[PDB]
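Some notes on the structure that comes next.
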Amino acid sequence: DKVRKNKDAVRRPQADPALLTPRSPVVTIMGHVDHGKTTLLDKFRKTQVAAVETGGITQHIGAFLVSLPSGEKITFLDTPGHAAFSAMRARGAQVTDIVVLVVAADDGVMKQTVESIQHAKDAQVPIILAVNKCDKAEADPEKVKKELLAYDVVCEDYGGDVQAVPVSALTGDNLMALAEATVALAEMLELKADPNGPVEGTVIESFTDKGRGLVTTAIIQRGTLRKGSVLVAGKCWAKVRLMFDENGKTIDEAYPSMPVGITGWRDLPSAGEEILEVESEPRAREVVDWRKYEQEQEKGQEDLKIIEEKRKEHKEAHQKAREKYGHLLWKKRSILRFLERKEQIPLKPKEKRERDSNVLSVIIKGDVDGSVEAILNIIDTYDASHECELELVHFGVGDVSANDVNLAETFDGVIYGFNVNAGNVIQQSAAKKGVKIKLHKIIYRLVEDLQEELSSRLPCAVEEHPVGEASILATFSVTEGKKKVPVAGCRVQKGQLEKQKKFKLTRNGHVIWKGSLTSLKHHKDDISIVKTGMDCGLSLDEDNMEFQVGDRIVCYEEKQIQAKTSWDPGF
Amino acid sequence: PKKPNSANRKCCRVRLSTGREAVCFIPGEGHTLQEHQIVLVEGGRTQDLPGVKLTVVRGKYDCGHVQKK
RNA sequence: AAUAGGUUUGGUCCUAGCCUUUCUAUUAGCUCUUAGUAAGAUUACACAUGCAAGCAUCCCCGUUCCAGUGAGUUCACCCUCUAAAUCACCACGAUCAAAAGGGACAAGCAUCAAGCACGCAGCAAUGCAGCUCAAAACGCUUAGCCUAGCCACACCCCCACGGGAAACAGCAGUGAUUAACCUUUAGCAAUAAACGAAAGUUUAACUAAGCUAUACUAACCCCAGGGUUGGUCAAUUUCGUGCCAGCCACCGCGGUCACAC
RNA sequence: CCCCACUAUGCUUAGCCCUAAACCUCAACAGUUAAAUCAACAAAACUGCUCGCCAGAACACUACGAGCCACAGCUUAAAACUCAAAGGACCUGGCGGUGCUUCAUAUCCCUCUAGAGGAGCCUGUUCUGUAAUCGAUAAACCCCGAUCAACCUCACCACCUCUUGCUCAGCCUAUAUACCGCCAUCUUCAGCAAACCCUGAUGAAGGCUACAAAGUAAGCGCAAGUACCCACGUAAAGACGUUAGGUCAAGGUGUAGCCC
RNA sequence: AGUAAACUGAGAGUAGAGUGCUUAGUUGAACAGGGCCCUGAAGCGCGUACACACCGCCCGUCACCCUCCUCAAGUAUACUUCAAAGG
RNA sequence: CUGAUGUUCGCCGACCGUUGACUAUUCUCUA
Ligand SMILES: Nc1nc2c(ncn2[C@@H]2O[C@H](COP(=O)(O)OP(=O)(O)OP(=O)(O)O)[C@@H](O)[C@H]2O)c(=O)[nH]1
Ligand SMILES: *C(=O)[C@H](CCSC)NC=O
Ligand SMILES: [K+]
Ligand SMILES: [K+]
Ligand SMILES: [K+]
Ligand SMILES: [K+]
Ligand SMILES: [K+]
Ligand SMILES: [K+]
Ligand SMILES: [K+]
Ligand SMILES: [K+]
Ligand SMILES: [K+]
Ligand SMILES: [K+]
Ligand SMILES: [K+]
Ligand SMILES: [K+]
Ligand SMILES: [K+]
Ligand SMILES: [K+]
Ligand SMILES: [Mg+2]
Ligand SMILES: [Mg+2]
Ligand SMILES: [Mg+2]
Ligand SMILES: [Mg+2]
Ligand SMILES: [Mg+2]
Ligand SMILES: [Mg+2]
Ligand SMILES: [Mg+2]
Ligand SMILES: [Mg+2]
Ligand SMILES: [Mg+2]
Ligand SMILES: [Mg+2]
Ligand SMILES: [Mg+2]
Ligand SMILES: [Mg+2]
Ligand SMILES: [Mg+2]
Ligand SMILES: [Mg+2]
Ligand SMILES: [Mg+2]
Ligand SMILES: [Mg+2]
Ligand SMILES: [Mg+2]
Ligand SMILES: [Mg+2]
Ligand SMILES: [Mg+2]
Ligand SMILES: [Mg+2]
Ligand SMILES: [Mg+2]
Ligand SMILES: [Mg+2]
Ligand SMILES: [Mg+2]
Ligand SMILES: [Mg+2]
Ligand SMILES: [Mg+2]
Ligand SMILES: [Mg+2]
Ligand SMILES: [Mg+2]
Ligand SMILES: [Mg+2]
Ligand SMILES: [Mg+2]
Ligand SMILES: [Mg+2]
Ligand SMILES: [Mg+2]
Ligand SMILES: [Mg+2]
Ligand SMILES: [Mg+2]
Ligand SMILES: [Mg+2]
Ligand SMILES: [Mg+2]
Ligand SMILES: [Mg+2]
Ligand SMILES: [Mg+2]
Ligand SMILES: [Mg+2]
Ligand SMILES: [Mg+2]
Ligand SMILES: [Mg+2]
Ligand SMILES: [Mg+2]
Ligand SMILES: [Mg+2]
Ligand SMILES: [Mg+2]
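Line by line, the protein sequences are chains 7 and J. Per the authors' numbering, residue 157 is the first one in the first sequence, and the count goes up by one each step. Per the authors' numbering, residue 70 is the first one in the second sequence, and the count goes up by one each step.
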């Protein structure tokens with residue numbers, strides 16, 4: 157039994173009824189773009205962040221520990237509404253206790269409102285409906301309630317459990333009712349978590365800070381986190397160095413259902429990864445070493461099937477060439493092959509081959525790991541590989557670095573920064589190396605620019621516009637310079653023919669030829685443009701073309717047209 | 070390989086952290102390296118491959134250990 | 001290079017390079033039980049936060065030290081003369097030690113062979129035309145050194161009025177970067193330093209701890225893994241594969257009976 | 001390369017150029033023959049003293065720099081990449097359009113006799129052809145395995161049938177490059193080899209002089225004998241090795257494969 | 001040399017089958033002397049970069065491929081030096 | 001006189017069998 161011992165750290169078994177102590181509810185504000193999710197959050201946070209955003213779009217998931225006037229504390233996870241951030245919405249629904257669905261009355265149910273509802277069903281979390289924008293004209297709360305019925309959201313008026321509170325976050329009207337409804341449902345849920353023992357949690361965001369290092373925002377689920385706690389999260393472990401809140405003030409303890417930024421990570425955890433506390437740092441490294449090994453075995457088994465395929469093909473080509481002759485002495489086989497080796501002249505292809513023009517290599521750098529995963533999921537929705545190929549050289553979190561410039565210069569790639577900066581040293585180095593750093597701040601802007609670079613790679617789409625049409629009548633053989641020149645006598649019927657514009661020969665609907673006239677000569681005089689009804693003798697540059705009495709010729713003008721990428725990202 | 074050996078020895082070209090592109094031998098039976106991947110290279114020349122002076126380290130970065138049998 | 005060994009050839013002798021066996025350090029793979037001790041960023045790249053210089057009847061004194069780093073680089077040693085400082089005060093001196101003067105003082109390249117004012121006399125005026133150099137001048141490149149320790153540097157412009165600009169090469173920590181990666185511990189109890197007449201105060205110096213098989217020492221009822229096994233060179237059975245897949249420090253092995261995969 | 005013609009050039013004068021296997025590849029001066037003479041070869045071995053030069057091969061009588069009446073030049077002269085050798089002198093053998101000498105005795109040439117190559121047929125082979133064997137295949141295959149195929153022989157081809165089968169099964173399946181057996185070939189040869197001894201400074205190696213100088217040699221072959229009509233001739237014999245020569249299809253058999 | 005040449009018989013093996021093979025006999029020659037020129041052998045040398053050995057080895061031109069280096073038009077970038085001075 | 005050409009190869013650790021089990025050479029039968 158020489159198999160690695162299991163040293164993983166697992167979630168503690170469900171807390172005993174005695175241990176369970178009441179805890180605060182976790183709430184997520186889910187909905188569609190520009191339906192008021194942030195504006196509603198601001199009224200309860202008592203702070204305005206909507207105006208202080210790039211484009212007024214929420215592109216991050218933030219957990220804020222709001223304290224209600226009654227004295228209760230609630231954690232609000234403000235999720236993004238854009239289509240790109242589907243993963244962020246699913247992660248929010250997996251750590252939440254209640255989902256506050258913000259369905260605007262003016263617009264109603266939308267594509268991302270249904271997606272928000274689906275995530276709640278998978279997580280099995282009670283939903284509280286908030287009909288925002290009730291003030292504006294066409295704001296029908298009843299229509300929203302009826303439409304939600306199709307998607308399995310039944311309001312109380314129609315006999316359902318979901319609680320619908322009409323609200324207007326802009327004017328702060330009826331917001332108290334939604335706060336009361338949220339508190340009521342949380343008490344019905346009877347949320348309780350043991351506040352003692354090894355800490356459990358989930359990562360909400362993970363990013364690199366230049367001064368504080370690797371930082372992960374997380375929500376505690378069991379136990380209490382303190383300075384010096386050893387934490388494992390996937391393939392990364394930490395010893396808690398600093399615990400801070402949304403405002404940066406250090407917190408000494410993080411009780412269950414509390415948002416807490418954690419520093420001290422020796423590697424950057426993935427967003428959504430569970431956090432567990434271990435006895436010591438050597439134990440943490442033991443747990444991480446066993447998770448890395450398991451990942452290497454899973455990759456190894458995958459690699460084995462690919463290698464076995466490459467090795468089976470080669471062995472067939474080897475058995476075939478060997479069995480070409482019998483099982484004779486190898487001296488004879490090389491001599492018999494020498495007979496067919498004297499007939500063999502192969503050419504070795506260059507070991508280093510040229511990357512084709514229609515190949516876009518991109519380096520993706522982002523401020524937070526969740527932002528990078530969003531861009532990487534968008535790059536996985538590329539379906540136009542035939543026209544142009546999109547290669548991902550490297551992806552990471554943090555500002556643009558020399559390695560990103562070196563990797564871009566190595567593969568002639570383009571660096572795309574998302575809410576990240578590039579210093580003068582990095583920007584100057586890119587100029588010398590020819591790399592293009594493309595810092596953005598909005599995800600729809602970074603995708604539009606990604607599509608513009610793909611379009612440039614695409615081949616120029618020539619546009620063929622018919623210029624004229626002329627039917628041949630008589631074929632002449634002219635002797636000029638001791639050379640017999642076949643001349644096609646043609647009558648222009650519709651349109652005109654121009655010497656520059658390209659031509660093509662047409663036989664009873666078939667396309668015989670494609671090219672330009674060698675000589676255009678009319679009445680022994682060269683005329684560049686023959687009008688409709690003008691007789692013109694036509695000689696081609698291709699002597700193999702046979703001219704009949706009834707052939708047709710269609711002239712055309714070719715104009716290259718900028719080709720746009722067929723790939724659409726869904727927004 | 071150079072005479073008298075005959076074989077198809079799996080090699081790769083890699084740009085080093087110093088900025089010098091070099092040919093590196095991949096030891097073991099079967100590999101899955103691809104473009105854009107990260108590898109650690111060590112010394113030790115391939116005796117029958119003229120000019121091959123670098124060797125990829127199996128089991129580091131994206132190059133994994135040889136799969137048994 | 002040694003007590004040497006392998007390898008040029010059809011074979012011998014000679015010569016010769018390469019490699020082997022020895023001993024360290026770093027890094028990678030795989031693997032790892034405990035205790036004590038020692039040592040511990042790849043980088044003169046950029047640094048969040050905290051702390052690292054106070055003392056004291058006001059003046060002064062100290063923060064010019066310790067600690068750090070190795071960028072630059074014959075300012076480090078000896079002699080002569082001689083400030084500042086210690087011996088309360090003069091010491092009519094000793095001790096310690098600058099500046100100045102004299103001597104000595106890394107490596108590679110001579111395909112760097114000439115340097116271009118590099119000398120001397122005179123009170124001065126001024127006069128003479130000399131001075132260094134194949135016994136290596138001048139020059140380029142490389143590097144901290146001669147380690148009870150010393151030298152140099154202290155973000156850059158050798159300097160630092162001025163300017164660029166806003167400084168961890170103090171401790172802890174971090175980004176980038178590299179194959180290279182220690183805790184955002186505690187205490188001034190000991191020693192050392194600063195200050196005070198003193199009781200004392202302060203000190204990320206330092207002390208006692210934290211982390212890490214990099215090393216050394218010791219130990220453990222249970223608990224061993226890594227590499228190798230053709231020759232050099234200690235040590236292979238049964239199969240599979242068939243000049244393929246692969247191996248090799250060197251010589252070499254594998255083409256259907258492989259002690260070499 | 002051979003033949004003819006003719007120019008630069010070789011000559012003189014005046015300037016240049018500054019190179020040679022400019023090598024007697026052996027530095028100048030002094031001294032020794034004493035020994036521990038001495039890797040080998042060459043032209044014996046060394047001592048004192050001094051200057052010059054050298055440090056794996058190749059890159060390289062090259063690149064760059066500098067100098068020069070040199071301008072497709074000369075002198076000075078590296079590095080990167082590459083290799084595990086290059087190199088010097090030998091031993092033995094082979095080979096030489098290699099020397100001298102003596103020869104060939106159906107025989108190398110000039111000679112002698114009858115043939116083959118041309119015709120038809122007979123027979124073998126190669127190609128082509130066929131559903132339709134295999135082996136031999138320069139000398140040393142080709143009326144060859146066969147002193148022999150209409151069936152049979154037979155191993156081939158097509159179709160059909162049998163499965164512990166004539167056999168305590170079977171296989172003309174692969175491999176003559178695993179072999180025995182039996183042979184071809186040099187051989188129309190005379191040489192192979194044990195055991196010793198000696199020489200070369202105890203290197204691979206070598207070992208004869210008859211007025212003799214380091215060889216002695218069992219055994220094997222030649223020879224001698226025997227067969228046929230002699231003591232002649234013809235047969236027979238003919239070692240060790242050479243060509244992984246022929247033959248797994250005489251038979252046997254190692255290894256691998258087949259077993260409805 | 002009873003050779004070559006010509007002629008005749010027999011045998012092996014088959015049921016039969018060869019212009020083949022093995023074998024007995026008959027008749028029965030010519031040339032045999034010069035030569036070392038040609039191709040070889042022996043003896044004694046010479047040469048050798050060959051050594052599964054001349055059917056050996058081997059040099060250069062002319063591709064693909066891989067590695068490194070140099071020259072180089074125009075241009076750009078970076079670094080170095082200045083005051084170790086003068087009024 | 002002319003006489004061009006011909007892709008590829010050397011190392012393993014051997015060396016004991018013996019041989020004896022029969023037990024009796026001294027008849028004939030007898031009860
Ligand atoms: N008239 C009106 N405007 C409203 C109301 N609630 C929100 N808005 C506006 O709607 C716009 C979008 O508001 P946000 O808070 O950014 O909405 P969101 O759903 O969080 O947006 P994403 O994060 O991009 O999904 C802003 O201009 C608000 O002022 C409301 O009740 N009435
Ligand atoms: C040639 O000249 C051309 C032939 C026409 S056939 C109908 N006519 C005018 O140029
Ligand atoms: K918005
Ligand atoms: K080989
Ligand atoms: K040696
Ligand atoms: K004081
Ligand atoms: K230094
Ligand atoms: K400085
Ligand atoms: K103290
Ligand atoms: K070995
Ligand atoms: K000479
Ligand atoms: K010879
Ligand atoms: K004939
Ligand atoms: K045989
Ligand atoms: K047989
Ligand atoms: K057999
Ligand atoms: Mg929002
Ligand atoms: Mg190696
Ligand atoms: Mg040699
Ligand atoms: Mg110090
Ligand atoms: Mg340094
Ligand atoms: Mg003084
Ligand atoms: Mg001084
Ligand atoms: Mg030079
Ligand atoms: Mg330095
Ligand atoms: Mg600094
Ligand atoms: Mg300074
Ligand atoms: Mg520090
Ligand atoms: Mg770091
Ligand atoms: Mg280290
Ligand atoms: Mg005092
Ligand atoms: Mg302190
Ligand atoms: Mg310590
Ligand atoms: Mg290790
Ligand atoms: Mg085997
Ligand atoms: Mg093996
Ligand atoms: Mg003349
Ligand atoms: Mg004369
Ligand atoms: Mg001469
Ligand atoms: Mg000379
Ligand atoms: Mg001299
Ligand atoms: Mg020359
Ligand atoms: Mg030259
Ligand atoms: Mg030159
Ligand atoms: Mg004859
Ligand atoms: Mg004929
Ligand atoms: Mg035949
Ligand atoms: Mg055959
Ligand atoms: Mg054969
Ligand atoms: Mg039959
Ligand atoms: Mg038949
Ligand atoms: Mg058969
Ligand atoms: Mg044979
Ligand atoms: Mg006789
Ligand atoms: Mg005979
Ligand atoms: Mg005889
Ligand atoms: Mg053979
Ligand atoms: Mg030849
Ligand atoms: Mg050959």
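Quick reminder that beta carbons are idealized off the backbone N, C-alpha and C, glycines included.
**Request:** Starting from the beta carbon of residue 82 (chain J), find every residue of chain 7 whose beta carbon is closer than 8 Å, and list them in chain order.
**Result:** 507, 508
**Message:** I need the boundaries of the alpha helix (DSSP H) containing residue 393 (chain 7), first residue and last residue.
**Reply:** Premise fails: residue 393 (chain 7) lies in the beta strand (DSSP E), 392 to 395, not in any alpha helix (DSSP H).
**Message:** Which residues in chain J have a C-beta closer than 9 Å to the C-beta of residue 271 (chain 7)? List them in chain order.
**Reply:** Result: empty, since nearest Cβ-Cβ is about 33 Å, beyond 9 Å.
**Item:** Spatial neighbours of residue 379 (chain 7) in its chain, beta-carbon cut-off 8 Å, leaving aside the 5 residues before and after
**Value:** 350, 351, 352, 353, 354, 355, 356, 412, 433
**Message:** Against chain 7, does residue 88 (chain J) count as a neighbour if the rule is that its beta carbon must be under 9 Å from one of theirs?
**Reply:** yes
**Asked** If you draw a straight line from the alpha carbon of residue 160 (chain 7) to that of residue 136 (chain J), how long is it in whole angstroms?
**Response** 16 Å
**Message:** What residue range does the alpha helix (DSSP H) around residue 600 (chain 7) cover?
**Reply:** 599 to 613
**Item:** Contact belief for residue 520 (chain 7) with residue 556 (chain 7) at Cβ below 8 Å, rounded distance in angstroms
**Value:** Not a contact, Cβ separation roughly 11 Å.
**Asked** Using DSSP with H/G/I as helix, E/B as strand and the rest coil, what is residue 72 (chain J)?
**Response** coil
**Message:** Which same chain residues end up closer than 7 Å to residue 84 (chain J) when comparing Cβ atoms and leaving out the 5 residues on each side of it in sequence?
**Reply:** 90
**Message:** Please classify residue 696 (chain 7) as buried or exposed, where buried requires at least 16 neighbouring CB atoms within 10 angstroms.
**Reply:** buried
**Prompt:** Taking only beta-carbon atoms, is residue 101 (chain J) less than 9 Å away from chain 7?
**Reply:** yes
**Request:** Quickly, what does DSSP pair residue 362 (chain 7) with across the bridge? List them, please.
**Result:** 372 (chain 7)
**Prompt:** Would you call the region 262 to 279 of chain 7 and the region 355 to 371 of chain 7 in contact, with 3 or more CB pairs under 8 Å?
**Reply:** no
**Request:** Under 8 Å Cβ to Cβ from residue 179 (chain 7), same chain only, skipping five residues before and after it: list those, please.
**Result:** 347, 348, 349, 351, 411, 412, 413
**Request:** Evaluate residue 457 (chain 7) with the Cβ neighbour count: other Cβ atoms within 10 Å of its Cβ, from every protein chain shown; 16 or more gives buried, anything less gives exposed.
**Result:** exposed
**Message:** Measuring only the C-alpha atoms, how far is residue 103 (chain J) from residue 392 (chain 7)?
**Reply:** 26 Å
**residue 212 (chain 7) beta carbon less than 9 Å from that of residue 326 (chain 7)** = no
**Message:** To the nearest angstrom, how far is the alpha carbon of residue 279 (chain 7) from that of residue 252 (chain 7)?
**Reply:** 9 Å
**Message:** So residue 530 (chain 7) and residue 240 (chain 7) are supposed to be a Cβ contact under 8 Å. How far apart are they, rounded?
**Reply:** 5 Å
**Message:** Taking the alpha helix (DSSP H) that residue 561 (chain 7) belongs to, which residues open and close that run?
**Reply:** 558 to 567
**Request:** Please find out if some non-hydrogen atom of ligand 1 comes closer than 8 Å to the beta-carbon of residue 288 (chain 7).
**Result:** yes
**Distance CB(residue 565 (chain 7))-CB(residue 591 (chain 7)) smaller than 9 Å** = yes
**Prompt:** Does the pairing of the region 380 to 389 of chain 7 with the region 458 to 470 of chain 7 give three or more beta-carbon distances under 8 Å?
**Reply:** no
**Prompt:** Between residue 574 (chain 7) and residue 712 (chain 7), what straight-line distance do the alpha-carbon atoms span, to the nearest angstrom?
**Reply:** 47 Å
**Message:** When you compare the CB of residue 120 (chain J) with every CB in chain 7, is at least one pair closer than 9 Å?
**Reply:** no
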